[PDB]
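Structure, as structure tokens:
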Amino acid sequence: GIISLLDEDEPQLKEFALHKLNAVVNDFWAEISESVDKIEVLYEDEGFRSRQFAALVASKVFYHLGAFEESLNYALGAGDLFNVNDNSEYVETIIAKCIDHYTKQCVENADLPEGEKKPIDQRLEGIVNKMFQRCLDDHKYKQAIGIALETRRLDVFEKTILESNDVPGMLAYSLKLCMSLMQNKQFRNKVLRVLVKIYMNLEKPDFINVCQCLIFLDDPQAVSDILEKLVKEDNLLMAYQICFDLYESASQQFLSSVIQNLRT
Amino acid sequence: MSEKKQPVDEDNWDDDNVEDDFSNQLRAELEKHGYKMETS
Amino acid sequence: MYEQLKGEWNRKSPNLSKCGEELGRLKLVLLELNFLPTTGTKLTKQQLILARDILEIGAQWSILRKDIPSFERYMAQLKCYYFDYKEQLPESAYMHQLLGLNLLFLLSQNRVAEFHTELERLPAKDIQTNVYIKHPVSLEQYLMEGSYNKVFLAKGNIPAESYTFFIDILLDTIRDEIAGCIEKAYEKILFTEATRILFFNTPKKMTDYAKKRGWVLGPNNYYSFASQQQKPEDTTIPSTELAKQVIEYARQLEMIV
Amino acid sequence: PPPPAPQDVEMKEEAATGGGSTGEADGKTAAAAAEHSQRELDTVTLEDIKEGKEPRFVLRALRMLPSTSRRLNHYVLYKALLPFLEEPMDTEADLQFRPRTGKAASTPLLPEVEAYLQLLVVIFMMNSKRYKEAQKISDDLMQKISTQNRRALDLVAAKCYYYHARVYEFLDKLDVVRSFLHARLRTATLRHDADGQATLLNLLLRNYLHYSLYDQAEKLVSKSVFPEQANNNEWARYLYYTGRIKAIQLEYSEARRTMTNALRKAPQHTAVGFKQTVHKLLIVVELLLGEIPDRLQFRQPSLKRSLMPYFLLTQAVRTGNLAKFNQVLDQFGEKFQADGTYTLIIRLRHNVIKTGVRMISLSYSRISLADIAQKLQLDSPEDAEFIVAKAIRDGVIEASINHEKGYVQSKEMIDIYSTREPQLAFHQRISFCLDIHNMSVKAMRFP
């Protein structure tokens, strides 16, 4: 019975009222369930200094009901209490479905790749990279590669190779993993080339890198890159593998591409 | 079968409809009825 | 605690400046501690006891001022204050008639589900005591009878308890079905059934009521010559939409095979 | 000489039922359980029926490598409690066979309910269910290995939540278990629907019509319908509780059909008075209709000791005696206040007047007003015009008052012949029939 207290527009009793709200919120579920309009009254107010916690008790009643776009609105207008509060099933279920909204948002962001995409709250992705800092400090390669490709985005994936004093294998098995599952080529080309760039600029010269992108990306420029370097340091026991792979694996017209790049 | 609340809690018997109809209605069934015709 | 707390026992409400200054006072009372999360050191509940009683008399001062959302505000509040953890709530004699006024307006707005939820939240004292709830349930016998005679026959015995603002709404909520069947400028007078509105032979009060917002039926007819219900009697055009039901029925056959 | 026999067959209880359940649950998904794993209900109520005993089956539980063959045979051989119920965690943490955690946290622990000492082990059952509720909470934070709690242990889980109920009731009420329930709902809302909420919602209404009253309106926003109704027993008594609600919400014409439904969906037996005592307060709504037949078609003589008020009460209903009214009230109002009966005492007069007006209305095309004022114990012709309008009150059969002095010019109403009103409803009759054709389609879909 708190809409009687919601008759008051002074917030100086509304702090006591919201402390009542999260106290008997498990009993009075149907109290707010029609009072959503007055929740929007105290929410859209620019003078009510608890519109974020009004969005949280709105998160309570739409956690009792389970609405999605409401949780998107609480990602919007809950702000700080949407971000730092993350140790509860009450918050992790609704933000879990908001991460699901984010992964279909990334589906949208991979639907059309040239500008003009749908707008993104900086907080729905703020919880993404905030939960991803837990993934970086957790340091598990699942935690890196999973969220790095859930986003279908090469920036945080580029940042996943920048983690701590390990990665003896991501920089040699990452292409293996990405080829072992891939379905779309539209961004696979870019992932496959941005990995072999840092594999050319790895601490170790690798061979599976161009051994894979030379046949799944078949660049005349990359075969000229490995031609250029593996001739440039003047060793052929290392160009052994990939020149005899140029004949042994590759097919015709890629030999045409490299014979464009032979003498130079 | 304890259903969680309920454990806490033709001889003369088909005629009961006729009898509860006839409790205070024609309680003799004839001793006025055989004597109605000379009332009027 | 915190004086001018009980100082208006005889000069209760001549003024709204007194009652508005006590609105600010009670505002600060609500700002004093909290509602009910604190129980131990029982004096911190005894200010809630005194808060219950001064909000009882504040509801008296707010029902004197003829205010609907403030009085139901204090009714929700004092209802939750009788929904207090204190098993040791003493005899507050305001409870009987504040529940009486609650129940009175609660029936006056035609909430019989709320009438019986009030009956079922207190089955104990409503057996033989709580006479200003036991008298509205004799009134519920009278309205179980479907009252138009018994409104006057029960208004005979509520002469002075300041129930006035809400028994006036009871005299509002007395109904108009005979006006919705046979009235609207002529039945010579419908006086002898104790209906409150249908008294007062012809002042402009019941002339206003016999011409109130029209003639409650609506279109195509008056009650000077009655429709006897409303005159719907449309057609069997719905044979065509049951024919539509046949169409999607055959669709659902096709979905079944 | 009898107790060496449950050493054989009470052993084969866990062998056949539990061993087959766990082993056949390790594969063949959703035939993993629910072909003899949820034989659990009557085979484990029977375990609490079919058969010192208290420490024996609760020692030495978690051993190693799966030697429960030898360990349960030790439980057999040993027939010749302060840490003891916690010893299935004190031998070692269970650490394997996660379908067995709730199973052995239910089946050995629960026979103290039937041992009935209620003093020292109900708090130990509280602790054992703190362990089992630690499983319930920790299935999604620490047990990211496979399903094993929906497909088998959810149907086990709702049962042992009824056992939670059996423990929590015998001392007190529960409030923390309600938000705990709605959390259990949130981890069963979108992923895999369990009854669960409806279990402690039956308990919610069961203790709330005793002690809280706001919550039917919270059911209204909480009415996730759950049309699965697999047992139909829980759903039957669910209809019973909400029919008590609509009786106290004074909804009667809905109550008669939904409570007759709730009766006819009880296949129950055991004429101790389960179906009978639930059915009496069921057809209290027919006592509130204004119409009720003679209750000879409803009585089992085991209910007779309880209905010693009730038959004379329905006599008072069919009659109109105020002496019988008040006498049945004061004398025979015992044993029903424990169920709650005093909302019929206000409107038994309405029951009288509706029974009378039903008899007279279907009896008489035209009646007169100042003689229907003397059919029953009426008062006056103004009371009779009053009660004619109150006899309509909803849309009853045509009764126009002859509005000069002819008292009433009522007649019977017509056109129910066979013309459009039945064929207005037969679309919905065969809509129900095509719903049963959908039941035939799903009958084909069951394999």
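Chain lettering (A, B, ...) mirrors the order of the structure tokens, residue numbering begins at 1 for each chain separately, and ligand numbering begins at 1 in order of display.
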For segment 215-224 of chain A, find every residue with an atom within 6 Å (counting only C-alpha atoms), except residues of its own chain fewer than 6 positions away, and show them as a count of residues only. 3
Tell me, as a list in words, which residues lie within 10 Å of segment 201-210 of chain C, counting only C-alpha atoms; anything in the same chain fewer than 4 positions away does not count.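 These residues fall inside the cut-off: residues 176, 179, 183, 184, 185, 186, 188, 189, 190, 191, 197, 214, 215 and 216 of chain C.
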Give me, as a PyMOL selection string, the residues of segment 212-245 of chain A that a backbone DSSP run labels alpha helix (DSSP H). chain A and resi 212-216+220-232+239-245
Please save N, CA, C and O atoms of the selected residues as a CSV table (one decimal), in the first residue's frame.
```csv
chain,number,residue,atom,x,y,z
A,212,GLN,N,47.6,-21.5,-44.2
A,212,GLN,CA,46.1,-21.5,-44.1
A,212,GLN,C,45.5,-20.3,-44.9
A,212,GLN,O,44.6,-20.6,-45.7
A,213,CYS,N,46.0,-19.1,-44.8
A,213,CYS,CA,45.4,-18.0,-45.5
A,213,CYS,C,45.8,-18.0,-47.0
A,213,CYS,O,45.1,-17.3,-47.7
A,214,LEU,N,46.8,-18.7,-47.3
A,214,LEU,CA,47.2,-18.8,-48.7
A,214,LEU,C,46.2,-19.6,-49.6
A,214,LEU,O,46.2,-19.5,-50.8
A,215,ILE,N,45.5,-20.5,-48.9
A,215,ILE,CA,44.5,-21.3,-49.6
A,215,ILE,C,43.1,-21.0,-49.2
A,215,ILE,O,42.1,-21.4,-49.9
A,216,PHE,N,42.8,-20.4,-48.1
A,216,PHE,CA,41.5,-19.9,-47.7
A,216,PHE,C,41.3,-18.4,-47.9
A,216,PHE,O,40.1,-17.9,-47.8
A,220,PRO,N,47.3,-12.9,-53.8
A,220,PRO,CA,48.6,-12.6,-54.5
A,220,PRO,C,49.5,-11.7,-53.7
A,220,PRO,O,50.7,-11.8,-53.9
A,221,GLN,N,48.9,-10.8,-52.9
A,221,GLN,CA,49.8,-9.9,-52.1
A,221,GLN,C,50.4,-10.7,-50.9
A,221,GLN,O,51.6,-10.4,-50.6
A,222,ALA,N,49.7,-11.6,-50.3
A,222,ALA,CA,50.3,-12.3,-49.2
A,222,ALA,C,51.3,-13.3,-49.6
A,222,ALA,O,52.3,-13.6,-48.9
A,223,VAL,N,51.1,-14.0,-50.7
A,223,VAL,CA,52.2,-14.9,-51.3
A,223,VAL,C,53.4,-14.1,-51.7
A,223,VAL,O,54.5,-14.5,-51.6
A,224,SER,N,53.2,-12.8,-52.2
A,224,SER,CA,54.3,-12.0,-52.4
A,224,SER,C,54.9,-11.4,-51.1
A,224,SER,O,56.1,-11.2,-51.1
A,225,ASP,N,54.2,-11.4,-50.0
A,225,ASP,CA,54.7,-11.0,-48.7
A,225,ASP,C,55.7,-12.0,-48.2
A,225,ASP,O,56.8,-11.7,-47.8
A,226,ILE,N,55.2,-13.3,-48.2
A,226,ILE,CA,56.1,-14.3,-47.7
A,226,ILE,C,57.2,-14.6,-48.7
A,226,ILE,O,58.3,-15.0,-48.3
A,227,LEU,N,57.0,-14.4,-50.0
A,227,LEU,CA,58.1,-14.4,-51.0
A,227,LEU,C,59.1,-13.4,-50.7
A,227,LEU,O,60.3,-13.7,-50.5
A,228,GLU,N,58.7,-12.2,-50.4
A,228,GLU,CA,59.5,-11.0,-50.1
A,228,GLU,C,60.3,-11.3,-48.9
A,228,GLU,O,61.6,-11.2,-48.9
A,229,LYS,N,59.7,-11.7,-47.8
A,229,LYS,CA,60.4,-11.9,-46.5
A,229,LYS,C,61.3,-13.1,-46.5
A,229,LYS,O,62.5,-13.0,-46.3
A,230,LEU,N,60.8,-14.3,-46.9
A,230,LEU,CA,61.5,-15.5,-46.9
A,230,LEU,C,62.6,-15.6,-48.0
A,230,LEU,O,63.5,-16.4,-47.9
A,231,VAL,N,62.6,-14.7,-48.9
A,231,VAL,CA,63.8,-14.4,-49.7
A,231,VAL,C,64.6,-13.3,-49.1
A,231,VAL,O,65.9,-13.4,-49.2
A,232,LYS,N,64.0,-12.4,-48.3
A,232,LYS,CA,64.8,-11.2,-47.8
A,232,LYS,C,65.7,-11.6,-46.7
A,232,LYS,O,66.9,-11.1,-46.7
A,239,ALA,N,61.7,-21.3,-46.3
A,239,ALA,CA,60.8,-21.1,-47.5
A,239,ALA,C,60.6,-22.5,-48.2
A,239,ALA,O,59.8,-22.5,-49.1
A,240,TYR,N,61.4,-23.5,-47.8
A,240,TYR,CA,61.2,-24.9,-48.2
A,240,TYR,C,59.7,-25.3,-48.1
A,240,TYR,O,59.1,-25.7,-49.1
A,241,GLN,N,59.2,-25.2,-46.8
A,241,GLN,CA,57.8,-25.6,-46.5
A,241,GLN,C,56.8,-24.9,-47.4
A,241,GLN,O,55.9,-25.5,-48.0
A,242,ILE,N,56.9,-23.6,-47.5
A,242,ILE,CA,55.8,-22.8,-48.1
A,242,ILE,C,55.9,-22.7,-49.6
A,242,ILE,O,54.9,-22.6,-50.3
A,243,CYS,N,57.1,-22.8,-50.1
A,243,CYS,CA,57.2,-22.9,-51.6
A,243,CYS,C,56.8,-24.3,-52.1
A,243,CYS,O,56.1,-24.4,-53.1
A,244,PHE,N,57.2,-25.3,-51.4
A,244,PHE,CA,56.8,-26.6,-51.8
A,244,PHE,C,55.3,-26.8,-51.4
A,244,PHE,O,54.6,-27.6,-52.1
A,245,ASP,N,54.8,-26.0,-50.5
A,245,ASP,CA,53.3,-26.0,-50.3
A,245,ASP,C,52.6,-25.1,-51.4
A,245,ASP,O,51.5,-25.4,-51.7
```
Contact check, chain D to chain B, at most 8 Å, counting only C-alpha atoms, closest pairs as a Markdown table:
```
| residue | atom | partner | partner_atom | distance |
| --- | --- | --- | --- | --- |
| D:166 | CA | B:4 | CA | 7.9 |
| D:206 | CA | B:5 | CA | 7.4 |
| D:274 | CA | B:6 | CA | 5.8 |
| D:277 | CA | B:9 | CA | 7.1 |
| D:278 | CA | B:6 | CA | 7.1 |
| D:294 | CA | B:17 | CA | 5.7 |
| D:296 | CA | B:14 | CA | 6.5 |
| D:315 | CA | B:20 | CA | 6.9 |
| D:318 | CA | B:20 | CA | 7.9 |
```
With only C-alpha atoms as the basis for distance, which of D:29, D:232, D:202, D:118 is at the shortest distance from residue 146 of chain D?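 Closest to residue 146 of chain D of all the choices is D:29.
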Would you mind listing, for every residue of chain A within 9 Å of chain D, the two atoms forming the shortest contact and the distance between them in Å to one decimal, using only C-alpha atoms, sorted by chain and ascending residue number, as JSON lines?
```
{"residue": "A:26", "atom": "CA", "partner": "D:179", "partner_atom": "CA", "distance": 5.9}
{"residue": "A:27", "atom": "CA", "partner": "D:215", "partner_atom": "CA", "distance": 8.3}
{"residue": "A:28", "atom": "CA", "partner": "D:218", "partner_atom": "CA", "distance": 7.7}
{"residue": "A:29", "atom": "CA", "partner": "D:218", "partner_atom": "CA", "distance": 6.4}
{"residue": "A:30", "atom": "CA", "partner": "D:218", "partner_atom": "CA", "distance": 4.9}
{"residue": "A:31", "atom": "CA", "partner": "D:218", "partner_atom": "CA", "distance": 8.2}
{"residue": "A:33", "atom": "CA", "partner": "D:221", "partner_atom": "CA", "distance": 7.4}
{"residue": "A:63", "atom": "CA", "partner": "D:186", "partner_atom": "CA", "distance": 8.4}
{"residue": "A:64", "atom": "CA", "partner": "D:182", "partner_atom": "CA", "distance": 8.1}
{"residue": "A:65", "atom": "CA", "partner": "D:222", "partner_atom": "CA", "distance": 7.8}
{"residue": "A:66", "atom": "CA", "partner": "D:186", "partner_atom": "CA", "distance": 8.6}
{"residue": "A:89", "atom": "CA", "partner": "D:183", "partner_atom": "CA", "distance": 8.0}
{"residue": "A:90", "atom": "CA", "partner": "D:183", "partner_atom": "CA", "distance": 7.9}
{"residue": "A:93", "atom": "CA", "partner": "D:186", "partner_atom": "CA", "distance": 8.1}
```
Could you name the residues that touch segment 347-353 of chain D at 7 Å or less, counting only C-alpha atoms, but leaving out those on the same chain fewer than 2 positions away, as a PDB file with N, CA, C and O atoms, in the first residue's frame?
```
ATOM      1  N   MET C 144     -27.952  -7.415   0.573  1.00  0.00           N
ATOM      2  CA  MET C 144     -28.187  -8.777   0.128  1.00  0.00           C
ATOM      3  C   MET C 144     -29.610  -8.920  -0.354  1.00  0.00           C
ATOM      4  O   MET C 144     -29.884  -9.652  -1.305  1.00  0.00           O
ATOM      5  N   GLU C 145     -30.533  -8.267   0.347  1.00  0.00           N
ATOM      6  CA  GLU C 145     -31.912  -8.140  -0.087  1.00  0.00           C
ATOM      7  C   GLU C 145     -32.053  -7.250  -1.325  1.00  0.00           C
ATOM      8  O   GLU C 145     -33.122  -7.238  -1.942  1.00  0.00           O
TER       9      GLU C 145
ATOM     10  N   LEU D 288     -24.850 -21.466  -2.229  1.00  0.00           N
ATOM     11  CA  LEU D 288     -24.866 -20.028  -2.436  1.00  0.00           C
ATOM     12  C   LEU D 288     -25.485 -19.614  -3.761  1.00  0.00           C
ATOM     13  O   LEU D 288     -25.667 -18.413  -3.985  1.00  0.00           O
ATOM     14  N   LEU D 289     -25.787 -20.569  -4.646  1.00  0.00           N
ATOM     15  CA  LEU D 289     -26.396 -20.223  -5.928  1.00  0.00           C
ATOM     16  C   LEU D 289     -27.804 -19.678  -5.764  1.00  0.00           C
ATOM     17  O   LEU D 289     -28.229 -18.794  -6.518  1.00  0.00           O
ATOM     18  N   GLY D 290     -28.542 -20.190  -4.792  1.00  0.00           N
ATOM     19  CA  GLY D 290     -29.981 -20.074  -4.763  1.00  0.00           C
ATOM     20  C   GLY D 290     -30.672 -21.350  -5.182  1.00  0.00           C
ATOM     21  O   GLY D 290     -31.858 -21.538  -4.875  1.00  0.00           O
ATOM     22  N   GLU D 291     -29.955 -22.226  -5.877  1.00  0.00           N
ATOM     23  CA  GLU D 291     -30.452 -23.523  -6.300  1.00  0.00           C
ATOM     24  C   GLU D 291     -29.494 -24.625  -5.877  1.00  0.00           C
ATOM     25  O   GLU D 291     -28.279 -24.517  -6.069  1.00  0.00           O
ATOM     26  N   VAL D 317     -32.216 -24.840   3.646  1.00  0.00           N
ATOM     27  CA  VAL D 317     -32.144 -24.201   2.339  1.00  0.00           C
ATOM     28  C   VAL D 317     -33.413 -24.467   1.542  1.00  0.00           C
ATOM     29  O   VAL D 317     -34.009 -23.546   0.971  1.00  0.00           O
ATOM     30  N   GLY D 320     -37.610 -22.500   4.422  1.00  0.00           N
ATOM     31  CA  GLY D 320     -37.241 -21.121   4.657  1.00  0.00           C
ATOM     32  C   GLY D 320     -37.315 -20.733   6.115  1.00  0.00           C
ATOM     33  O   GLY D 320     -37.414 -19.547   6.438  1.00  0.00           O
ATOM     34  N   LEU D 344     -22.561 -17.859   4.068  1.00  0.00           N
ATOM     35  CA  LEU D 344     -23.869 -18.323   3.643  1.00  0.00           C
ATOM     36  C   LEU D 344     -24.963 -17.911   4.601  1.00  0.00           C
ATOM     37  O   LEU D 344     -26.135 -17.947   4.224  1.00  0.00           O
ATOM     38  N   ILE D 345     -24.613 -17.550   5.836  1.00  0.00           N
ATOM     39  CA  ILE D 345     -25.640 -17.191   6.801  1.00  0.00           C
ATOM     40  C   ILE D 345     -26.221 -15.823   6.478  1.00  0.00           C
ATOM     41  O   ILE D 345     -27.359 -15.527   6.853  1.00  0.00           O
ATOM     42  N   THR D 355     -34.693 -19.835  -4.712  1.00  0.00           N
ATOM     43  CA  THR D 355     -35.342 -21.132  -4.859  1.00  0.00           C
ATOM     44  C   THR D 355     -36.840 -20.969  -5.080  1.00  0.00           C
ATOM     45  O   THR D 355     -37.427 -21.585  -5.987  1.00  0.00           O
ATOM     46  N   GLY D 356     -37.463 -20.104  -4.275  1.00  0.00           N
ATOM     47  CA  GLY D 356     -38.883 -19.861  -4.419  1.00  0.00           C
ATOM     48  C   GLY D 356     -39.233 -19.211  -5.740  1.00  0.00           C
ATOM     49  O   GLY D 356     -40.181 -19.629  -6.405  1.00  0.00           O
ATOM     50  N   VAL D 357     -38.443 -18.223  -6.169  1.00  0.00           N
ATOM     51  CA  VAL D 357     -38.774 -17.546  -7.409  1.00  0.00           C
ATOM     52  C   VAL D 357     -38.440 -18.425  -8.602  1.00  0.00           C
ATOM     53  O   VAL D 357     -39.073 -18.294  -9.643  1.00  0.00           O
TER      54      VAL D 357
END
```
Please identify every residue of chain D that has at least one atom no more than 8 Å from any atom of chain C, counting only C-alpha atoms, and report them as a PyMOL selection string. chain D and resi 211-213+248-250+346-347+350+382-383+386-387+390+400+424+427+434+437-438+441
Taking only C-alpha atoms into account, which residues of chain A are within 10 Å of chain C, as a PDB file with N, CA and C atoms, in the first residue's frame?
```
ATOM      1  N   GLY A   1       0.785  -1.220   0.000  1.00  0.00           N
ATOM      2  CA  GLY A   1       0.000   0.000   0.000  1.00  0.00           C
ATOM      3  C   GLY A   1       0.822   1.278   0.000  1.00  0.00           C
ATOM      4  N   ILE A   2       1.634   1.490  -1.035  1.00  0.00           N
ATOM      5  CA  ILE A   2       2.575   2.606  -1.049  1.00  0.00           C
ATOM      6  C   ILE A   2       2.264   3.667  -2.094  1.00  0.00           C
ATOM      7  N   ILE A   3       1.265   3.465  -2.957  1.00  0.00           N
ATOM      8  CA  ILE A   3       0.882   4.525  -3.895  1.00  0.00           C
ATOM      9  C   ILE A   3       0.285   5.701  -3.126  1.00  0.00           C
ATOM     10  N   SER A   4      -0.315   5.411  -1.968  1.00  0.00           N
ATOM     11  CA  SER A   4      -0.681   6.442  -1.004  1.00  0.00           C
ATOM     12  C   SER A   4       0.523   7.295  -0.607  1.00  0.00           C
ATOM     13  N   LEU A   5       1.684   6.671  -0.388  1.00  0.00           N
ATOM     14  CA  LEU A   5       2.896   7.461  -0.185  1.00  0.00           C
ATOM     15  C   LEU A   5       3.370   8.105  -1.478  1.00  0.00           C
ATOM     16  N   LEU A   6       3.064   7.492  -2.617  1.00  0.00           N
ATOM     17  CA  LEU A   6       3.444   8.062  -3.903  1.00  0.00           C
ATOM     18  C   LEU A   6       2.595   9.270  -4.285  1.00  0.00           C
ATOM     19  N   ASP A   7       1.530   9.561  -3.525  1.00  0.00           N
ATOM     20  CA  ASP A   7       0.823  10.833  -3.663  1.00  0.00           C
ATOM     21  C   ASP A   7       1.754  12.015  -3.416  1.00  0.00           C
ATOM     22  N   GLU A   8       2.706  11.858  -2.502  1.00  0.00           N
ATOM     23  CA  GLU A   8       3.679  12.901  -2.219  1.00  0.00           C
ATOM     24  C   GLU A   8       4.670  13.063  -3.367  1.00  0.00           C
ATOM     25  N   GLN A  12      11.802  13.531  -0.084  1.00  0.00           N
ATOM     26  CA  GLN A  12      12.402  13.372   1.232  1.00  0.00           C
ATOM     27  C   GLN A  12      11.692  12.333   2.090  1.00  0.00           C
ATOM     28  N   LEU A  13      10.477  11.935   1.729  1.00  0.00           N
ATOM     29  CA  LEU A  13       9.898  10.715   2.261  1.00  0.00           C
ATOM     30  C   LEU A  13       9.989   9.566   1.263  1.00  0.00           C
ATOM     31  N   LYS A  14      10.277   9.859  -0.007  1.00  0.00           N
ATOM     32  CA  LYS A  14      10.432   8.794  -0.988  1.00  0.00           C
ATOM     33  C   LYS A  14      11.694   7.975  -0.797  1.00  0.00           C
ATOM     34  N   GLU A  15      12.702   8.485  -0.085  1.00  0.00           N
ATOM     35  CA  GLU A  15      13.809   7.601   0.286  1.00  0.00           C
ATOM     36  C   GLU A  15      13.341   6.524   1.262  1.00  0.00           C
ATOM     37  N   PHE A  16      12.569   6.925   2.281  1.00  0.00           N
ATOM     38  CA  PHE A  16      11.938   5.962   3.178  1.00  0.00           C
ATOM     39  C   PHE A  16      10.995   5.038   2.420  1.00  0.00           C
ATOM     40  N   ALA A  17      10.310   5.573   1.408  1.00  0.00           N
ATOM     41  CA  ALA A  17       9.377   4.775   0.622  1.00  0.00           C
ATOM     42  C   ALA A  17      10.096   3.743  -0.247  1.00  0.00           C
ATOM     43  N   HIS A  19      13.082   2.482   0.442  1.00  0.00           N
ATOM     44  CA  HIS A  19      13.552   1.507   1.420  1.00  0.00           C
ATOM     45  C   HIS A  19      12.427   0.569   1.850  1.00  0.00           C
ATOM     46  N   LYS A  20      11.183   1.049   1.839  1.00  0.00           N
ATOM     47  CA  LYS A  20      10.051   0.143   2.025  1.00  0.00           C
ATOM     48  C   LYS A  20       9.855  -0.749   0.804  1.00  0.00           C
ATOM     49  N   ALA A  23      12.085  -3.587   0.699  1.00  0.00           N
ATOM     50  CA  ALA A  23      11.837  -4.415   1.872  1.00  0.00           C
ATOM     51  C   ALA A  23      10.684  -5.387   1.645  1.00  0.00           C
TER      52      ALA A  23
END
```
Rank nothing, just name the residue among C:155, C:134, C:6, C:25 nearest to residue 170 of chain C, using only C-alpha atoms.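 Of all the options, C:155 lies closest to residue 170 of chain C.
Atom pair atom CA of residue 401 of chain D / atom CA of residue 385 of chain D: separated by 8.3 Å.
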Contacts of residue 5 of chain D within 12 Å, only C-alpha atoms, excl. fewer than 3 positions in-chain, as a ChimeraX atom specification: /D:1-2,8-12,50-51,76-77,79
Kindly save the residues from that selection, with N, CA, C and O atoms included, as a compact mmCIF listing (two decimals), in the first residue's frame.
```
# COMPACT_ATOMS: atom_id res chain seq x y z
N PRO D 1 11.71 -62.17 11.95
CA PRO D 1 11.52 -62.86 10.67
C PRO D 1 10.82 -62.06 9.53
O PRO D 1 11.12 -62.38 8.38
N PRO D 2 9.93 -61.10 9.79
CA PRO D 2 9.59 -60.14 8.73
C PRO D 2 10.72 -59.20 8.34
O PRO D 2 10.93 -59.06 7.14
N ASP D 8 15.64 -57.67 1.52
CA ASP D 8 15.65 -58.09 0.13
C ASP D 8 14.91 -57.09 -0.76
O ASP D 8 15.48 -56.52 -1.69
N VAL D 9 13.63 -56.85 -0.46
CA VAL D 9 12.81 -56.10 -1.40
C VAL D 9 12.96 -54.59 -1.24
O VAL D 9 12.84 -53.85 -2.22
N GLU D 10 13.21 -54.10 -0.02
CA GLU D 10 13.58 -52.70 0.17
C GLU D 10 14.96 -52.42 -0.40
O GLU D 10 15.23 -51.28 -0.79
N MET D 11 15.83 -53.43 -0.49
CA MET D 11 17.05 -53.30 -1.28
C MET D 11 16.74 -53.18 -2.76
O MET D 11 17.27 -52.31 -3.46
N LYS D 12 15.88 -54.07 -3.27
CA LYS D 12 15.55 -54.03 -4.69
C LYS D 12 14.74 -52.80 -5.07
O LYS D 12 14.68 -52.49 -6.26
N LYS D 50 6.21 -49.24 2.78
CA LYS D 50 6.93 -50.51 2.83
C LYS D 50 8.19 -50.32 3.66
O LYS D 50 9.17 -49.73 3.20
N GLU D 51 8.15 -50.85 4.89
CA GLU D 51 9.10 -50.60 5.97
C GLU D 51 9.30 -49.10 6.20
O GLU D 51 8.52 -48.46 6.92
N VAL D 76 21.81 -53.40 3.84
CA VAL D 76 21.03 -54.62 4.04
C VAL D 76 21.55 -55.40 5.24
O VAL D 76 20.78 -55.79 6.13
N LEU D 77 22.86 -55.66 5.28
CA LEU D 77 23.43 -56.55 6.28
C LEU D 77 23.43 -55.98 7.69
O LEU D 77 23.49 -56.76 8.65
N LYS D 79 21.24 -54.76 9.72
CA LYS D 79 20.08 -54.82 10.61
C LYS D 79 20.21 -55.86 11.71
O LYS D 79 19.26 -56.04 12.48
```
For segment 189-198 of chain A, list every protein, DNA or RNA residue within 6 Å, evaluated using only C-alpha atoms, and leave out those in the same chain fewer than 3 positions away; present the list as a PyMOL selection string. chain A and resi 201-202+209
Could you state the separation of atom CA of residue 6 of chain D and atom CA of residue 45 of chain D in Å, given to one decimal place?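 Distance between the two atoms: 15.3 Å.
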